[PDB]
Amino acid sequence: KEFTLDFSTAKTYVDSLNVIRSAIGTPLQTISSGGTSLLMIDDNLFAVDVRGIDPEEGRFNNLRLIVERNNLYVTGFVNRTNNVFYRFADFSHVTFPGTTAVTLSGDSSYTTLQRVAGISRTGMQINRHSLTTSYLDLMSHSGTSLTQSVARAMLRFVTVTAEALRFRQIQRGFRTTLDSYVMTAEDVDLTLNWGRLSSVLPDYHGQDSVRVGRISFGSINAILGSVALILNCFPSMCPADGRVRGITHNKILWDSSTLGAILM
């Protein structure tokens, strides 16, 4: 109920990320190539201990992010030095064993985090440096408010932890700095499309291609090099009932929402 995220090397990192997916989600032989499979997730919370921002030293170790299994929501960050869990305002009733709670003035949406931190994910840079820096501003936060400094740092950790956990394409592009990542627009679209991909993907049956919104996959291998983990369809991140369904035509699988919008 607590996994580690060792940012030592690009290997230590991916290796850990694999530990958690393997641990919280089972595969789908329906989507498999080269011995990699798409894993579908399947409620509660669990800690993730951040570790390895400067492996030589080994000093920056009292960060622990509390994560929600079913949707991979990052409900907030615990401060192992004083055991105070600072939860986002939308998780004001969430709690973690062994800690006191203190409620932040902003919720976890990117809308807000981006508002406050005053930065946009598209183009956001991330390296060992900023991550070290980002660890200190969190560690030194005492208080209620969700400040610009906790904002920018949560944008970063939420990215290399939950975004990278869900997407093989963001881990891969980020892994490298560990051995400065620029978060492309293409990586942003993906994050925005987690719930519609998860509603469709299970319908994958060997179609030439898959298209959900502003995202397309040209083959099974492209589905794999980008998406590692999906929802199984704490508000849900899945789209509602009867609505999004994949519709196949001419060996192309679509999400019914996007075809409905482009056909009028």
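Start at 1 and count along the sequence shown; that's the residue number.
Might you work out how many residues are unmodelled in the deposited sequence between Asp203 and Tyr204, and answer none, 1 to 3, 4 to 9, or 10 or more?
Gap between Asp203 and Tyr204: none.
Give the stretch, out of 239 to 247 and 20 to 28, with the larger mean C-alpha temperature factor in the deposited entry.
239 to 247 has the higher mean C-alpha B-factor.
Quick one: higher average CA temperature factor, 166 to 174 or 88 to 96?
It is 88 to 96.
Compare the CA B factors listed in the entry for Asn61, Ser37, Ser216, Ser198 and report the winner.
That would be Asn61.
Per the PDB entry, which option out of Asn71, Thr159, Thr112, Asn83 has the greatest Cα B factor?
Highest C-alpha B-factor among the listed options: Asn83.
Which third of the chain holds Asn232 when residues are ordered by C-alpha B factor: lowest, middle or highest?
Ranked within chain, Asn232 CA B lands in the middle tercile.
Among the modelled residues of this chain, does the Cα B factor of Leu146 put it in the lowest, middle or highest third?
For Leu146, the deposited C-alpha B-factor lands in the highest third.
Ranking every modelled residue in this chain by its Cα temperature factor as given in the entry, which third contains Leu45?
It belongs to the middle third of the chain when residues are ordered by C-alpha B-factor.
Pull the Cα B-factor of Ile53 out of the PDB entry and bin it into the chain's lowest, middle or highest third.
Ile53: CA B-factor falls in the highest third of its chain.
Assigned third (lowest, middle, highest) for the C-alpha B factor of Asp107
For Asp107, whose C-alpha B-factor we compare with every modelled residue in the chain, the answer is the middle third.
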